[PDB]
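S.K.: Handing you this structure, nothing more for now.
Please note: Cβ atoms are built from the backbone with ideal geometry, for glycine as well, and neighbour counts cover all protein chains shown. A short reminder: the numbers here are calculations on the coordinates, not readings from a lab.
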Amino acid sequence: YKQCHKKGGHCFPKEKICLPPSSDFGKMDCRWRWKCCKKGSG
């Protein structure tokens with residue numbers, strides 16, 4: 001919501017696929033062990 005939203009993404013745990021496989025962010029403004037995901041074009 002804070003850092004990731006400028007790019008445009010939602011938080012998901014550290015295990016699922018961020019599809020398309022391009023913009024997967026690490027520790028953004030999620031919690032300690034979760035990540036933020038954004039698509040490319042799809």
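S.K.: Using helices alone, what [θ] at 222 nm do you get for the chain, with -39,500 (n - 2.57) per DSSP H run of 4 or more residues, divided over all residues and rounded to the nearest 500? Don't skip to the answer; put the middle values down first.
M.R.: Working: 1 runs with 5 residues, N = 42.
Calculated mean residue ellipticity at 222 nm is -2500 deg cm²/dmol.
S.K.: OK, next. Ranking request for peptides 4-13, 29-38: highest mean number of other beta-carbon atoms within 10 Å first, then the rest in descending order.
M.R.: Ranking, from highest mean packing down: 29-38, 4-13.
S.K.: Counting only pairs 8 or more residues apart or on different chains, how many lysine pairs in the chain have their Cα atoms under 13 Å apart?
M.R.: So the count works out to 9.
S.K.: Provide the per-residue ³J(HN,Hα) series for the range 11-28, in order, calculated from phi with Karplus coefficients 6.51, -1.76, 1.60 and θ = phi - 60°, each as a whole number of Hz, with x at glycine and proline positions.
M.R.: 7, 9, x, 8, 6, 7, 8, 9, 10, x, x, 9, 9, 9, 9, x, 6, 9
S.K.: In addition: So for the chain, averaging the separation of alpha carbon pairs under 8 Å that are six or more residues apart and normalising by length, what relative contact order in percent results?
M.R.: The value is 43 percent.
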